[PDB]
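Visitor: just the structure for this:
(chains A, B, C, D, E, F, G, H, I and J, ligands or ions: 1)
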Amino acid sequence: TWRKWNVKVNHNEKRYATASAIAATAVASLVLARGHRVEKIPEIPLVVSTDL
Amino acid sequence: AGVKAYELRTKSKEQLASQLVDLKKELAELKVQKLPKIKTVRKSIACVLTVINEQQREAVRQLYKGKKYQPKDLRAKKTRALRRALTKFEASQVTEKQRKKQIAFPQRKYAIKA
Amino acid sequence: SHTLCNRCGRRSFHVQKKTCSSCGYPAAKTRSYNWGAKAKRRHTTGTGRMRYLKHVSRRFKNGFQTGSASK
Amino acid sequence: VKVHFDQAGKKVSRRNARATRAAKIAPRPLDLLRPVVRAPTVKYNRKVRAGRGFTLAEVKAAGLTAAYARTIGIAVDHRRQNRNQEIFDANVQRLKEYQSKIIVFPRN
Amino acid sequence: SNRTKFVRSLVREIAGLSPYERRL
Amino acid sequence: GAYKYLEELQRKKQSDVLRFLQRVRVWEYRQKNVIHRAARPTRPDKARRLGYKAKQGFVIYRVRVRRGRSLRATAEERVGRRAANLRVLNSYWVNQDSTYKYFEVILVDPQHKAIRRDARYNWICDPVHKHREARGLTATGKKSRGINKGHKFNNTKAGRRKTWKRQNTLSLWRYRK
Amino acid sequence: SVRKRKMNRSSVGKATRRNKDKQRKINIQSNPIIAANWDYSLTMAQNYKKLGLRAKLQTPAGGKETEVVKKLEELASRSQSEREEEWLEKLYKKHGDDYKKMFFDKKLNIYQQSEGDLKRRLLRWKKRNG
RNA sequence: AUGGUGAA
RNA sequence: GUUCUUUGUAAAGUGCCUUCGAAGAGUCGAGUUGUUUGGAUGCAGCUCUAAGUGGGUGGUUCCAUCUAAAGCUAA
RNA sequence: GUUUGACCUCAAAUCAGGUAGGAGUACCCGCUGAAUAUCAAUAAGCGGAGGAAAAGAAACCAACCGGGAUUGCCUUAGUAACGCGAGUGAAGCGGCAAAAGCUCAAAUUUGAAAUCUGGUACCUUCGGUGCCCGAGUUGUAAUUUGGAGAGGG
Ligand SMILES: [Zn+2]
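Guide: Numbers count the residues shown, from 1 in each chain, chains lettered A, B, ... in the order given. The structure is reproduced below:
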C-alpha cells in the first residue's frame, strides 16, 4: 500500500504547462489535429457574450 | 383465515381460556388424521395465547402503576450499559457554585464587525 | 481418552483430566490464544445463531424505542 | 508503515467540523482574541506571534474583567507576566479595538 | 503565620524527641 | 481547625506516641483477615485531603501485603478485585513493621444514588473509570508510570510504549517530502 | 470477517443509514437573522463576508453594513418583599429620615443593616410607593 | 524461544 | 415567539477604604540493591529521613521560573 | 443494681434496593516477557476500559526585549548526545489542526447539620412535594483553590 501514487510537480512547471495548453487553443490547425470538428467555427478563439 | 386478534382483544380471561381449550382439542383431534386446517388452528392457538399474555402483562403493569421498583420483566430492555451511564437528571446535576458562576457570567452571543 | 463436552461438544473433554482442551471447560474463561488465529476464527462470534446479537444493531438504529405504532 | 491517503479526507472532515461549529456558533467568529507575543530564542525574537491569552494586567487596563472578558471571546492567560511597555500598549490597543468592534445581543 | 508556629511548637512539645534526636 | 494539629503530629512519625499507636494498631490488625471492612479511617486528615467524605457511598478497607508491582499497587489491585462493585479512588499508608506493611484504601460506590447525584463525585460513575488501579490511573499508579513534566520524564512523560511506537513508525505522505 | 459474512447471509437485513449528504449540509441554529440572510451555496468565510462579519480574528493561514444594521437595531429591542416593605415602613415611621438614629434601633432593626443599605432601601421604597 | 496437546 | 410564575429584607459583580490572610510527611531527600534509557534520569525491595519569607529545576556573589507529594475535564 | 439502659464490635435472613465475573479485542492502559552490546520494553502470556483510550491545565520550557493545558503533523534532525565500532538516537524554540477551565485539604454556619440515602401517598414520573426512618458531629451543605481569598463600610 505504500507504493508511490502521486507525483510531485513544480508549481512553475505546472503553470508553464497550463499556459502552453491555453496558447495551443489559439491555433485552428492545432485544434483540428486534436480531433475537434471546429471546421465551421466563425472565429478562433471563440468569444461569446456574457449572457451565455 | 383463522381468528382475528382485534376481535380477541375484548374477550375476557375465562372466554380466552375456553377458546384456547377448544382450539387445543381441535388440534388434538386433527393430529390423529395427519390438511391446512392444522396450520390454521395452530396459528389460532398462538394468537389466543399471545392475547392472554398481553392482557396479563397489562394487568401486572396496572397493579404496579406508578410505584417504584417494578418487576424487572416490565423494565426497559434497552441494554446493560444504558441502565448505567447515569440518567439525564444525574448527568445534568451541577454544584451551586458552578450555577452561580454561570448565572453571573453566562456565555454571550456576539459578532465582530463594529 | 476424550469425550463429548457439554459447553462445546467437540469431543475433547479429557476423561482423566476432566477438562476440555478446546474450550477450556470447566474453566470460566473460554480457551483461546493469539497464535491460534484459525482456532479463534473457528470459534469467533458470528459462527453460531447469534439469537440476540443480531437485533442489537437494528434496535440501536431506533434509539431503543419502546411502545407501539400510533396508526 | 502509515500512508496518509486520508489527507484529503482529513481536510474535508476538518472543514465539515468548522462548518458545524459555525452553524452552532454562527454569531461568534469561532476564535478568541489573542495577544501579540515576542518569542524567546533570539533566532526568533524578531518575530512577533499570537499568544494564548491576555494577561490579567492587560485585561484590567482594557476596562474589563477576565471573567466578563472570557464570555465576550477574549483569551485570558494568568501565567504570562508583563515586562515590555510596547507589547502591553499593543495588547491594550487590540483589546480596545475588539471592544469597540464587538456587538453583544441583549440577554432579555 | 503565628498560629502555624504555635501549632508546630505544641506538636514538638507533645511528641518529645525522636529516638535519633534523643542521641543529642 | 484540628486537622492542622493532626498533620503536624503525623509529621513526627518516629515520636514515642506514634510508635506506641502503630505497634498497638498493627497487633490489633494482626488478628483480623488480610482484607476487611474498616468502620472509619484511622488518619482522618489524610483521607479528607485525599477526597474522602463521611457520607453514604464511601467505604474504607484495610489490606495487608507481604513486605519485599509496588506494595501500594498490589493493595489497590487486591481491593479492586475483591470490591468489584466499588471504584478505588486513593489509598494511604497507615502502618509498617519488619514483616508486613499496611495501607488504607478509600472506595466510592457508584451504584449508591448519593454518589450518582453528587455533582462533585458522580464523575467516577462513568464506565471509563472502571478498575482505575488496573490501568494504573491511581495516584500510586501514575507515579509508578513516570507521568510528569520536565526533562526528568521526557522518555516517560505520557506513555513509555507510545513513544517507542511513534519513533518506530514510518510516516509517508501522498507527496514525498 | 465471519460476522460480516453471517450478517450478509442472514435474512434479518442491514440497518441501512444514508447520511453522507447530510454531512455537507449544516443549517444555522444559533441566530434568526443569520438564517434569513445566510446562503448555503457559499462557504463559511464567503457567507461571513456577505453578511459583513469576521470569520477569523488571527491572521489566517494560506492565501485568501446593510446586514449588521439589523444586528445593531436588535440591541434596542426587582422590588421589595411585603415583609421587607412592612419592616421598612416601621423604621421610617419610628425614625423618619434619621438614619443614624434608625441604625441604633435595637427592637426594630433586627438585622444590623448599615446606614447605606438602610437609606438605599428606604429610597427604593419611597420611589416605588412614596 | 512463547503458548498448548496426550502420554505412568 | 407563545403562557404561568417570581420575592426573599435572596445570590452575585464593579471601584474605593478598612481588619485579617490556610497551602497534600514514611512525603522530598541521601544510601544500597534489581530494572529501563543512545537519555545519565526515571521505575522498584529496604536502613534513615527533611523545612516553611520553606521546597524543586538551571550559571557564573548568588540571579531566572513554579509551588510537587489529590482529583475531573470535549476538541 | 445477686438489675436496667447508651453505644462500639462481630455473626446470621431463601430480607428490601443494587453491582461484579464472561464474551469480543485492530487501537488504548498496566504487569510480565525470549529465541553483557544487537533482534527487544518486539514475539507470546495475564489483567482492565471506550468509541476512541492515555495525558491534560507546570515544583514546565528557557537564560531570552522571554513563551504559558494536553495531544497529533512538518521542521528542529539523522543534529545534540551516547555506544565513537558496527549502530541507537532525543527534546526547547518556529509553523500548522483544535483551544475551556476547574473541584477538595486546608482559617467557626455555631444566631439554629442549614446536608444527604431509603420507606410511605400523590403529581406535571430519567423527577418534585408532606411525613417518617437512618447516615452524618471522628464533619454532611454554602462561602476560598494562590489569578489569591475572607469579616465589615
Ligand atoms: Zn469443550
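
Visitor: would you say residue G:34 is within a helix?
Guide: Yes: judged by DSSP: H, G, I helix; E, B strand; the rest coil, residue G:34 forms part of a helix.

Visitor: ok, for it, nearest residue in space, not its chain neighbours?
Guide: Spatial nearest neighbour of residue G:34, chain neighbours left out: residue D:26 (4.8 Å); criterion: C-beta to C-beta, 6 or more residues apart in numbering or on different chains. Where C-beta positions appear, they are placed from N, C-alpha and C, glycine not excepted.

Visitor: on the three-state scheme, the one you found is what?
Guide: Under three-state DSSP, residue D:26 comes out as coil.

Visitor: cross-check the contact I'm expecting between it and residue G:33.
Guide: No: counting by C-beta atoms under 8 Å, residue D:26 does not reach residue G:33; the two are 9.3 Å apart.

Visitor: looking at those two, which one has more neighbours?
Guide: More crowded of residue D:26 and residue G:33, by other C-beta atoms under 10 Å in any protein chain shown: residue D:26, with 23 against 19.

Visitor: contacts only, for the more buried one.
Guide: G:28-31, G:34, G:38 (C-beta atoms under 8 Å, 6 or more residues apart in numbering or on different chains).

Visitor: can you do 6 Å?
Guide: By C-beta atoms under 6 Å, 6 or more residues apart in numbering or on different chains, residue D:26 lies in contact with G:28, G:30-31, G:34.

Visitor: what of residue A:28?
Guide: The contact partners of residue A:28, by C-beta under 6 Å, 6+ apart, come to residue A:44.

Visitor: what of residue F:74?
Guide: Residues near residue F:74 by C-beta under 6 Å, 6+ apart: residue F:65.

Visitor: following element in sequence after the helix or strand encompassing it, please.
Guide: Per DSSP states H and E: residue F:74 is located in helix F:71-82. Using DSSP H and E, the helix or strand that follows helix F:71-82 in sequence is strand F:87-96.

Visitor: who does that following strand pair with, and is each partner parallel or antiparallel?
Guide: Here strand F:87-96 has these sheet partners by DSSP bridges: strand F:100-108 (antiparallel).

Visitor: does the partner strand come close to RNA strand I?
Guide: Yes: using C-beta under 7 Å from any atom of the strand, we find that strand F:100-108 touches RNA strand I at residue F:101.

Visitor: how far off centre is the helix or strand following that strand?
Guide: Next in sequence after strand F:100-108, counting helices and strands by DSSP H and E, comes helix F:113-116. Relative to the chain's own centre, helix F:113-116 is displaced by 21 Å; criterion: C-alpha atoms, centre = their mean, to the nearest Å.

Visitor: buried residues in the next helix or strand after helix F:113-116?
Guide: Using DSSP H and E, the helix or strand that directly follows helix F:113-116 along the chain is helix F:139-144. Buried residues in helix F:139-144, counted by 16 or more other C-beta atoms under 10 Å in any protein chain shown: F:140-141.

Visitor: do the same with stretch B:51-70
Guide: Residues of stretch B:51-70 classed as buried: B:51-52, B:55 (neighbour count, 16+ other C-beta under 10 Å).

Visitor: that older thread, kindly export the helix holding residue F:74 (C-alpha atoms) in CSV.
Guide: The C-alpha trace of helix F:71-82 is given here as CSV (Å, rounded to 0.1, in the frame of the first residue of the first chain):
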residue,chain,number,x,y,z
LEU,F,71,3.1,-2.7,47.6
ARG,F,72,0.5,0.1,47.3
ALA,F,73,-0.3,-1.1,43.7
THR,F,74,-0.7,-4.6,45.0
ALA,F,75,-3.0,-3.5,47.7
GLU,F,76,-5.1,-1.4,45.3
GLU,F,77,-5.3,-4.3,42.9
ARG,F,78,-6.4,-6.7,45.6
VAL,F,79,-9.1,-4.4,47.0
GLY,F,80,-10.4,-3.7,43.5
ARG,F,81,-10.6,-7.4,42.7
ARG,F,82,-12.4,-8.1,46.0
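
Visitor: can you confirm whether it lies near RNA strand I?
Guide: Yes: using C-beta under 7 Å from any atom of the strand, a contact is recorded between helix F:71-82 and RNA strand I, made by residue F:71.

Visitor: so that helix versus strand F:87-96, what angle?
Guide: For helix F:71-82 against strand F:87-96, the angle by axes from the mean of the first three to the mean of the last three C-alpha atoms, to 10 degrees is 130 degrees.

Visitor: now a PyMOL select for only the buried ones of the contacts of residue D:26.
Guide: Selection of buried members from those for PyMOL, criterion 16+ other C-beta under 10 Å:
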select buried, chain G and resi 28+31+34
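
Visitor: now, which of the contacts of residue D:26 sits nearest residue F:99?
Guide: The nearest member of these to residue F:99, counting by C-beta to C-beta, is residue G:30 at 66.5 Å.

Visitor: which residue sits closest to the closest one, ignoring its sequence neighbours?
Guide: Spatially, and ignoring its direct neighbours in sequence, residue G:30 is nearest to residue D:26 (4.5 Å; C-beta to C-beta, 6+ apart).

Visitor: that older thread, out of the buried residues of stretch B:51-70, list just those in helices.
Guide: If you go by DSSP state H, those have B:51-52, B:55 in helices.

Visitor: if I look at residue F:127, how far off is the ion?
Guide: 32 Å (C-beta to the ion, to the nearest Å).

Visitor: what is the burial count for that residue?
Guide: By other C-beta under 10 Å, 9 other residues sit near residue F:127.

Visitor: same question, residue D:64
Guide: 16.

Visitor: do stretch G:28-46 and RNA strand J meet at all?
Guide: No: Stretch G:28-46 stays clear of RNA strand J (C-beta under 7 Å from any atom of the strand), getting no nearer than 10.4 Å.

Visitor: how long is that stretch end to end?
Guide: 15 Å (C-alpha to C-alpha, to the nearest Å).

Visitor: how far does that stretch sit from its chain's centre?
Guide: For stretch G:28-46, the distance to the chain centre is 21 Å (C-alpha atoms, centre = their mean).

Visitor: can that stretch be said to contact RNA strand I?
Guide: No: contact between stretch G:28-46 and RNA strand I is absent, the nearest approach being 7.9 Å (criterion: C-beta under 7 Å from any atom of the strand).

Visitor: check which residues of that stretch are buried.
Guide: Buried residues in stretch G:28-46, counted by 16+ other C-beta under 10 Å: G:28, G:31, G:33-34, G:38, G:44.

Visitor: farthest pair within these?
Guide: Maximum distance among the buried residues of stretch G:28-46 (C-beta to C-beta): 16.6 Å, for G:33 and G:44.

Visitor: and residue G:68, how many neighbours?
Guide: 16.
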